[PDB]
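Colleague: Okay, handing you the structure first.
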Amino acid sequence: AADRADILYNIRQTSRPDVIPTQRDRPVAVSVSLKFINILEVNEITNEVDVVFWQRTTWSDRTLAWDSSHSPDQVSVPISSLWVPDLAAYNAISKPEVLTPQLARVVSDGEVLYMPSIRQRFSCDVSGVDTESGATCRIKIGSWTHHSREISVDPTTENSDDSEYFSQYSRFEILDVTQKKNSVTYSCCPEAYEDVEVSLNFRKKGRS
Amino acid sequence: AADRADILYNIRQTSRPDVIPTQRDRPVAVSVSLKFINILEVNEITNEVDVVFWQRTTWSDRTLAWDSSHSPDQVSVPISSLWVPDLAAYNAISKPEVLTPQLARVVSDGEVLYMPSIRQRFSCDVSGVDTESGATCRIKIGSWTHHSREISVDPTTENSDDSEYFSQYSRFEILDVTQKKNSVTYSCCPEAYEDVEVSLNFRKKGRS
Amino acid sequence: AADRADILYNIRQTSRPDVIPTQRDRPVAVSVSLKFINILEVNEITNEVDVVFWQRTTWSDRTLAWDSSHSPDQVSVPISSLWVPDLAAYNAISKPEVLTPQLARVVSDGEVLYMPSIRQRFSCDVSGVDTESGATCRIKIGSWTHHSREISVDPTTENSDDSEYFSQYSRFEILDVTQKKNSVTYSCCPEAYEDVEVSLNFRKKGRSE
Amino acid sequence: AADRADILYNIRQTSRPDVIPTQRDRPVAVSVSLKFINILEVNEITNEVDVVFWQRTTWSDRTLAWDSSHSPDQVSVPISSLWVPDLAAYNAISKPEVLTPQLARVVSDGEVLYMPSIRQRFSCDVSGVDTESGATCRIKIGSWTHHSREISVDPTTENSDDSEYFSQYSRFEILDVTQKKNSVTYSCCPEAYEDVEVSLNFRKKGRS
Amino acid sequence: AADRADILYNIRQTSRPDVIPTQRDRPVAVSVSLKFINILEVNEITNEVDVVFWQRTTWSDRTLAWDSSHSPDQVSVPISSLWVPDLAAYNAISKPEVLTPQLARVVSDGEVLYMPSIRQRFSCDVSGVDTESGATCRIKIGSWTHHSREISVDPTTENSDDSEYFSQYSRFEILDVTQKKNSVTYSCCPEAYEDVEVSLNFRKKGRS
Ligand SMILES: N#C/N=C1\SCCN1Cc1ccc(Cl)nc1
Ligand SMILES: N#C/N=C1\SCCN1Cc1ccc(Cl)nc1
Ligand SMILES: N#C/N=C1\SCCN1Cc1ccc(Cl)nc1
Ligand SMILES: N#C/N=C1\SCCN1Cc1ccc(Cl)nc1
Ligand SMILES: N#C/N=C1\SCCN1Cc1ccc(Cl)nc1
């Protein structure tokens, strides 16, 4: 006998947008997977690439779960009412442009899902973009302030073609995508920051 | 009898901008109709266009109804005070730029109307743009987080000149526009999201 | 005797920035006139132009009035503290960049004056810009959501210098400016929306014989 | 004997940012002085300059005064918690861009000092910019809505080096900067609006 | 004992973001160090550069400390909840483009750390950029409204590779980075303003 309104209110009433949902005291496991949608502006001279991708972000806050037996099992919730991982693109050279409604999806089991479409410039290896082997641009995305003990990242290795959602009208094509997990520490501080290194192998389509 | 100040006050009193106005347990009937007003920047090599259209969006929210017997049966309300469908252009390469005041129109029966002027850039086939056959750019629009069970999108099929309000000073011209109802799915979830496929057909206005 | 501090306070109470001050059942009369200040990037190929102009907007909101007997009859108030017409440029291709402070002038008789300096890009006939007759760019401005029964727009046309405030350093010169009242009923709905057509006639300077 | 916290706490308890601090009924003596920091862009053909400057602005608001005989007599406050003069550049062709933190300095005696660094484009005389005598670009800054009786603008004309803080790396050089006062009346209304006409005599750098 | 929610809750219970936390009556010690990431745009004619760096900002705020005996001694906190130094690059010709989540790291002892990746444009010496000895662009950063007796800025001599995080895909390379502590007094007031001067010696790459 619970409607979507009741569900939302319960989330607001128990969620803390500025507090990380640390269960017991292990880190919060965040899953991050990108699905390239397009590759626009490209410069082999400056090694800069403009790209659009759907950043599928998933985690969980069990303090928000309800009984979906006779109630909706999911609801969209403004991300501002929810705690969202402070993910950041380490080699980005421009703020991310969120092209889609900043709405998240909360599941009755406490699972939270946020998958916005983002356009952002990157500084990566662009050389070879016009060769057969193409170029390989690596994008590192992970928490900015939360280290491993508090946040952990892992690619969603679920099956899905590299360019499953890639634009056909794009001047380029995706050869292969490989989302690996990686760590990043600094000469100052001990704790390491987990990230996902996404390698996008793409090249310029040549007319026959 | 109550006036505008009362109605508006009451609307703001009962509007839940973050909760989908699901009457009973059926999707919200959102009708979408794009009205191309101009076609600016256009590139055939990168398949990219900059368009200005009026996104006529329509839906109902019974919770906002009231007796208009002896009072205004229509008022302008800030879309921030209302729940608004979370639409997105699945093939947009730039966030939508609302060029007009973000005001919606509310009718006593609960029929909400919002139609803003939006300039945006999409990724689409532009080939032939400089021919008599012209180019056909297809733009899909639908909810981003709400599937068919939560939201339905049907093109407000209004038989009208596809260029009824299209600038005459544009370097291009419309041959014909068609808006079909549609949907998409992904490799993660069974739920399908309804959209609208506005197929634009235009070519550069030859200089004769 | 009340001061400006009070006048403002009392105004923030009776003011409803989201409620159009209709008089009984009389549409709100809003006067709109542009005072062109400059003409920048003029692309005769895309029929696009960047214009800077002061938009003098007037209207009355009795619910704002007060006793100017022993108090100032005029004060400057933030536009968010009161209702403001949802004017728009129907043929604008860029958002209206407001260059000046967004404050309006309020008179104890409820008369409201708002005159912002705006930088904006429109789509219009730019052809002929480099000819003796020049080009004639028409800008259509009106309420976006309030139709004729709610908002009535009329240009405060009066024998004035069309280029009175136009920049002398501009690459262009104003041949003539005319503001006409118009109306548009969309083939969807009955209500007719009022607007003002400002036809700007201008050309490049330093032309040949 | 109060402290920073008290001084601020009290400011918001008395400050009215929307109310001009008119003592009795004499206008607010606001002083404006520009300190040109750079000249980034200049168009000889279209008569437009893009410049950077520090806008030293001073006025008084005794309703914010406090006894600093046993506490600081100066504190930095966000201009958002204070009333501020509604100055504008009558010949500005782009909205002002404040590069520095929007903070003012309030002295225990009610004196207020706000000096932001600004990047802005103006329409002015560029002719002669490439000659030994240089060009003269006048910039008129005054209140946008408060006529002479409410606001008065007077430049603090003293002995200061015109290009004292001017960047040595700019492509131009300051020849002289005279800051005169002026009154601007309108063919609409009787009262005039006091303004300050800053004359920036500069030329392009080009020695032997 | 307490959770992260308790920590933050209390932080916002005693934090005065608009008040400088001057321990006793002495200036706040703000440590500032730049960690260069990239050198994008460069114009030797206009003497302007586009730089991306991590501004490692550090200071202490005793009004936020708490017991971490059986609780965490660190949390990520939105900077909107803390007081933050009003730092500003003097020769910056564009406002800072914060590319990362605006979160600060606070320790149980009141230590605060904020390291935002920033993309910004400066007016400095670009001459020789294309020579072997490269160019030396000096960047000056310090408080904007707080003088030496309120805020003191000093570069953490944390020796390390100057191009430790510098992108290897940049068109340029770092030859040397030196960060000296300096001071500046303006012909307005006797109070001096501390700042750090970061000299970045770089050049365009190439092949031997
Ligand atoms: N996979 C998947 N789902 C996708 S890809 C592009 C849009 N969607 C639908 C969606 C699903 C969930 C959320 Cl939080 N946001 C968007
Ligand atoms: N069709 C239609 N209506 C149009 S086209 C240009 C202006 N209008 C009026 C209008 C009517 C309703 C709303 Cl929510 N927004 C705008
Ligand atoms: N005419 C006129 N008035 C002008 S033109 C440029 C500045 N002014 C003063 C003014 C007066 C009132 C308002 Cl709301 N805005 C500006
Ligand atoms: N003169 C002076 N003061 C200057 S020039 C550049 C920075 N400063 C310090 C300052 C002092 C006070 C305020 Cl409100 N703003 C800036
Ligand atoms: N040194 C260091 N730390 C770095 S360099 C790039 C990211 N980090 C982690 C970090 C740590 C703390 C804060 Cl407030 N912000 C960022």
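Each chain of the structure tokens is named A, B, ... in the order shown, its residues numbered from 1; ligands are numbered from 1 in display order.
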For chain D, work out the contacting residues on chain E at 8 Å, counting only C-alpha atoms, and write them as an MDAnalysis selection string.
Modeller: chainID E and resid 16 18:20 45:47 86:88 91:96 123:125 144:146 187
Colleague: Counting only C-alpha atoms, what is within 12 Å of residue 128 of chain B, bar same-chain residues fewer than 5 positions away, as a PyMOL selection string?
Modeller: chain B and resi 42-45+47+133-137+201-204
Colleague: Please list as a VMD selection string every residue within 6 Å of residue 149 of chain D, counting only C-alpha atoms and excluding residues in the same chain fewer than 2 positions away.
Modeller: chain D and resid 27 147 151
Colleague: May I ask you to extract the residues of chain C within 6 Å of chain D, using only C-alpha atoms, and to give them as a ChimeraX atom specification?
Modeller: /C:5,99-100,169,171
Colleague: Take the residues from that selection and write them out as a compact mmCIF listing (two decimals), in the first residue's frame, keeping N, CA and C atoms.
Modeller:
# COMPACT_ATOMS: atom_id res chain seq x y z
N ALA C 5 13.49 51.87 3.44
CA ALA C 5 13.60 50.55 4.06
C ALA C 5 12.22 49.91 4.24
N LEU C 99 23.26 42.72 -19.51
CA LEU C 99 24.51 43.37 -19.13
C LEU C 99 24.50 44.25 -17.87
N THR C 100 23.33 44.76 -17.50
CA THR C 100 23.19 45.64 -16.36
C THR C 100 22.47 45.00 -15.18
N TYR C 169 31.02 54.78 -32.41
CA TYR C 169 32.18 53.99 -32.80
C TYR C 169 31.77 52.70 -33.48
N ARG C 171 30.50 49.99 -36.20
CA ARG C 171 30.85 49.74 -37.58
C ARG C 171 29.65 50.05 -38.45
Colleague: Residues contacting ligand 3 - anything with an atom at most 9 Å away, using only C-alpha atoms and all ligand atoms - can you give me those as a PyMOL selection string?
Modeller: (chain C and resi 35+54-58+76-77+100-106+112-117+165) or (chain D and resi 90+143-147+184-189+192-193)
Colleague: For those residues, write C-alpha atoms to a file as an mmCIF file, in the first residue's frame.
Modeller:
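Below is the file that was written, part16.cif:
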data_model
loop_
_atom_site.group_PDB
_atom_site.id
_atom_site.type_symbol
_atom_site.label_atom_id
_atom_site.label_comp_id
_atom_site.auth_asym_id
_atom_site.auth_seq_id
_atom_site.Cartn_x
_atom_site.Cartn_y
_atom_site.Cartn_z
ATOM 1 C CA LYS C 35 16.765 51.681 -27.754
ATOM 2 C CA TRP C 54 18.145 48.896 -23.777
ATOM 3 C CA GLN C 55 14.718 47.356 -23.409
ATOM 4 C CA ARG C 56 12.434 49.946 -21.763
ATOM 5 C CA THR C 57 9.519 48.011 -20.256
ATOM 6 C CA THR C 58 6.600 49.547 -18.351
ATOM 7 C CA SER C 76 14.771 50.438 -6.963
ATOM 8 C CA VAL C 77 13.824 46.827 -6.299
ATOM 9 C CA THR C 100 23.193 45.643 -16.356
ATOM 10 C CA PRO C 101 21.908 45.162 -12.747
ATOM 11 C CA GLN C 102 18.513 43.479 -12.744
ATOM 12 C CA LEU C 103 16.712 46.124 -10.705
ATOM 13 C CA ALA C 104 13.428 47.815 -11.605
ATOM 14 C CA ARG C 105 12.000 51.222 -10.719
ATOM 15 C CA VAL C 106 8.846 51.254 -8.622
ATOM 16 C CA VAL C 112 6.795 49.644 -12.775
ATOM 17 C CA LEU C 113 9.786 50.484 -14.965
ATOM 18 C CA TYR C 114 12.375 47.933 -15.998
ATOM 19 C CA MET C 115 15.004 48.884 -18.586
ATOM 20 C CA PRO C 116 17.821 46.357 -18.949
ATOM 21 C CA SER C 117 20.678 46.528 -21.420
ATOM 22 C CA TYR C 165 21.969 56.213 -27.879
ATOM 23 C CA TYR D 90 27.245 52.344 -20.106
ATOM 24 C CA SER D 143 24.568 53.839 -11.296
ATOM 25 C CA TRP D 144 22.094 52.101 -13.504
ATOM 26 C CA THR D 145 18.907 52.933 -11.625
ATOM 27 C CA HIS D 146 19.666 55.502 -8.929
ATOM 28 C CA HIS D 147 19.646 59.083 -10.197
ATOM 29 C CA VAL D 184 24.105 61.515 -17.890
ATOM 30 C CA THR D 185 20.531 62.686 -18.298
ATOM 31 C CA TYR D 186 17.935 60.913 -20.442
ATOM 32 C CA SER D 187 15.353 62.197 -22.897
ATOM 33 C CA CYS D 188 12.857 60.119 -20.918
ATOM 34 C CA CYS D 189 13.020 61.572 -17.517
ATOM 35 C CA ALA D 192 20.149 62.677 -14.439
ATOM 36 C CA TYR D 193 22.403 59.806 -13.465
#
Colleague: How would you write, as a ChimeraX atom specification, the set of residues in segment 4-89 of chain C that DSSP gives as helix (DSSP H, G or I)?
Modeller: /C:4-14,62-64,79-81
Colleague: As an MDAnalysis selection string, please: the residues near residue 181 of chain C (cut-off 7 Å, only C-alpha atoms, same-chain neighbours under 5 positions excluded).
Modeller: chainID C and resid 154:155 195:197
Colleague: Quick one: residues within 9 Å of residue 27 of chain C, only C-alpha atoms, excluding same-chain residues fewer than 6 positions away - as a ChimeraX atom specification?
Modeller: /C:21,147-152
Colleague: Taking the DSSP secondary structure from the backbone, can you list the residues of segment 43-174 of chain E that are strand (DSSP E), as a ChimeraX atom specification?
Modeller: /E:43,48-60,74-78,87-89,97-98,103-107,111-114,117-123,135-143,151-154,172-174
Colleague: Which residues, written as a PyMOL selection string, have at least one atom at most 7 Å from residue 29 of chain A, with only C-alpha atoms counted and residues fewer than 6 positions away on the same chain left out?
Modeller: chain A and resi 59+151-153
Colleague: Keeping N, CA and C atoms, export the residues of the selection given above as a compact mmCIF listing (two decimals), in the first residue's frame.
Modeller:
# COMPACT_ATOMS: atom_id res chain seq x y z
N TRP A 59 25.84 1.81 -7.10
CA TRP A 59 26.27 1.53 -5.73
C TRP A 59 25.05 1.20 -4.88
N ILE A 151 36.13 4.14 -0.59
CA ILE A 151 35.46 3.92 -1.87
C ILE A 151 36.28 3.02 -2.77
N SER A 152 35.60 2.12 -3.46
CA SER A 152 36.27 1.22 -4.37
C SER A 152 35.51 1.19 -5.69
N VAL A 153 36.26 1.07 -6.78
CA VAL A 153 35.69 1.05 -8.12
C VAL A 153 36.01 -0.24 -8.87
Colleague: Which residues are close to residue 15 of chain D, i.e. within 9 Å by only C-alpha atoms, leaving aside same-chain residues fewer than 3 positions away? Reply as a CSV table (one decimal) with N, CA and C atoms, in the first residue's frame.
Modeller:
chain,number,residue,atom,x,y,z
D,10,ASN,N,26.4,40.3,13.6
D,10,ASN,CA,25.7,41.5,13.8
D,10,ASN,C,25.4,42.2,12.4
D,11,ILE,N,26.3,42.0,11.5
D,11,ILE,CA,26.1,42.7,10.2
D,11,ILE,C,24.8,42.2,9.5
D,12,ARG,N,24.6,40.9,9.5
D,12,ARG,CA,23.4,40.4,8.9
D,12,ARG,C,22.2,40.8,9.7
D,18,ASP,N,19.3,45.1,-0.2
D,18,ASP,CA,18.3,45.6,-1.2
D,18,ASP,C,17.9,47.1,-0.9
D,19,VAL,N,18.4,47.6,0.2
D,19,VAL,CA,18.0,48.9,0.6
D,19,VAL,C,19.3,49.9,0.5
D,61,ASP,N,28.3,53.0,4.9
D,61,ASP,CA,27.0,52.5,5.4
D,61,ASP,C,27.2,52.4,6.9
D,63,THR,N,25.1,52.0,9.2
D,63,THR,CA,24.2,51.1,9.9
D,63,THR,C,24.9,49.7,10.2
D,64,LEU,N,26.2,49.6,9.7
D,64,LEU,CA,26.9,48.4,9.9
D,64,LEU,C,28.1,48.6,10.9
D,81,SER,N,26.0,39.8,1.4
D,81,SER,CA,25.4,40.2,2.7
D,81,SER,C,25.4,41.7,3.0
D,82,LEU,N,25.8,42.4,1.9
D,82,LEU,CA,25.8,43.9,2.0
D,82,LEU,C,25.1,44.5,0.9
D,83,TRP,N,24.8,45.8,1.0
D,83,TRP,CA,24.2,46.5,-0.1
D,83,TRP,C,25.3,46.9,-1.0
